[PDB]
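Notes to accompany the following structure.
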Amino acid sequence: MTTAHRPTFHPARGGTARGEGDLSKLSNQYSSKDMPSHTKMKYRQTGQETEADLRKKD
RNA sequence: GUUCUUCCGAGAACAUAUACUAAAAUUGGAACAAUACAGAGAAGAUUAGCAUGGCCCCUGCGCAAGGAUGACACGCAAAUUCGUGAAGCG
Ligand SMILES: [Mg+2]
Ligand SMILES: [Mg+2]
Ligand SMILES: [Mg+2]
Ligand SMILES: [Mg+2]
């Protein structure tokens, strides 16, 4: 019988790869996109119809 | 060891703790080249390719991509339990 060509009847699980569960388990090889980028965080301006002021604004 | 003190051969200050310390002696752990054999995924054959899984790697700068689809998988799969009437006995 053929059985190697099977789908995922069994559930997928994870949470144990490189650097998961312990921060020292990151290898010093890191991916090209793991470079620091977009490091200045944007925020929404003051008076953006913020929730409490919006609530007031019935 | 130096700049100074003098009663004279001593005194004050400056200077302040190197080194996985070995020229060694010991003790684990990987792949190498090839005589003969029989030889590489899918209900006949030629057989794609891409997936899926874990206490399996290798090449790669790599969330790219290759390594036979990289290899494997390839059936006792029972795993919460019964219910019935004939005929021997005794
Ligand atoms: Mg093929
Ligand atoms: Mg591949
Ligand atoms: Mg190939
Ligand atoms: Mg594969």
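Each chain in the structure tokens gets a letter, A, B and so on, in the order shown; residues start at 1 in every chain, and ligands are counted from 1 in the order they appear.
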
For chain A against chain B, with a cut-off of 7 Å and counting only C-alpha atoms (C1' of nucleotides), what is the closest atom pair and its distance in Å to one decimal for every residue that makes the cut, ordered by chain and number, as a tab-separated table?
```
residue	atom	partner	partner_atom	distance
A:1	CA	B:74	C1'	6.0
A:2	CA	B:74	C1'	5.5
A:3	CA	B:74	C1'	5.4
A:4	CA	B:73	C1'	4.3
A:6	CA	B:52	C1'	6.4
A:7	CA	B:52	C1'	5.3
A:8	CA	B:52	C1'	5.8
A:31	CA	B:62	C1'	6.0
A:32	CA	B:62	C1'	6.7
```

Cut-off 8 Å, only C-alpha atoms (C1' of nucleotides) and all ligand atoms, neighbours of ligand 3 as number ranges by chain = B: 66-70

Please indicate the distance in Å from atom CA of residue A:22 to atom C1' of residue B:55, rounded to one decimal place.
->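 So the answer is 18.9 Å.
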
Neighbours of residue A:16 within 12 Å (only C-alpha atoms (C1' of nucleotides); same-chain residues fewer than 4 positions away dropped), as a list in words?
->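 Residues near the query, excluding close chain neighbours: residues 20, 21, 22, 23, 25 and 26 of chain A.
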
Select, from B:45, B:64, B:50, B:78, the residue with the minimum atom-to-atom distance to ligand 4, counting only C-alpha atoms (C1' of nucleotides) and all ligand atoms.
->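 That would be B:50, the residue with the smallest distance to ligand 4.
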
Using only C-alpha atoms (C1' of nucleotides) and all ligand atoms, which residue out of B:20, B:14, B:40, B:32 lies closest to ligand 1?
->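 Nearest candidate to ligand 1 out of B:20, B:14, B:40, B:32: B:40.
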
Distance criterion (only C-alpha atoms (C1' of nucleotides) and all ligand atoms): nearest to ligand 1 out of B:71, B:65, B:48, B:57 |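 With only C-alpha atoms (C1' of nucleotides) and all ligand atoms as the atom set, the closest residue is B:48.
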
May I ask for the distance between atom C1' of residue B:1 and atom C1' of residue B:21, given in Å to one decimal place?
->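 The value is 27.9 Å.
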
Please, which residues of stretch 1-48 of chain A, numbered as in this document, come out helix (DSSP H, G or I) from DSSP, as a ChimeraX atom specification?
-> /A:23-25,32-34

How would the residues just chosen look if you wrote them out with N, CA and C atoms as a PDB file, in the first residue's frame?
```pdb
ATOM      1  N   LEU A  23      16.553  32.630  24.613  1.00  0.00           N
ATOM      2  CA  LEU A  23      17.109  33.646  23.721  1.00  0.00           C
ATOM      3  C   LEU A  23      18.540  33.359  23.274  1.00  0.00           C
ATOM      4  N   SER A  24      19.287  32.531  24.002  1.00  0.00           N
ATOM      5  CA  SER A  24      20.633  32.164  23.577  1.00  0.00           C
ATOM      6  C   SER A  24      20.663  31.129  22.459  1.00  0.00           C
ATOM      7  N   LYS A  25      19.541  30.483  22.153  1.00  0.00           N
ATOM      8  CA  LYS A  25      19.465  29.487  21.092  1.00  0.00           C
ATOM      9  C   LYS A  25      19.298  30.089  19.699  1.00  0.00           C
ATOM     10  N   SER A  32      18.710  37.750   5.963  1.00  0.00           N
ATOM     11  CA  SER A  32      18.976  39.057   5.366  1.00  0.00           C
ATOM     12  C   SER A  32      17.959  40.116   5.785  1.00  0.00           C
ATOM     13  N   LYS A  33      16.684  39.741   5.920  1.00  0.00           N
ATOM     14  CA  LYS A  33      15.663  40.685   6.367  1.00  0.00           C
ATOM     15  C   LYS A  33      15.647  40.916   7.874  1.00  0.00           C
ATOM     16  N   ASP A  34      16.436  40.176   8.653  1.00  0.00           N
ATOM     17  CA  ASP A  34      16.491  40.385  10.097  1.00  0.00           C
ATOM     18  C   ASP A  34      17.340  41.589  10.494  1.00  0.00           C
TER      19      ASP A  34
END
```
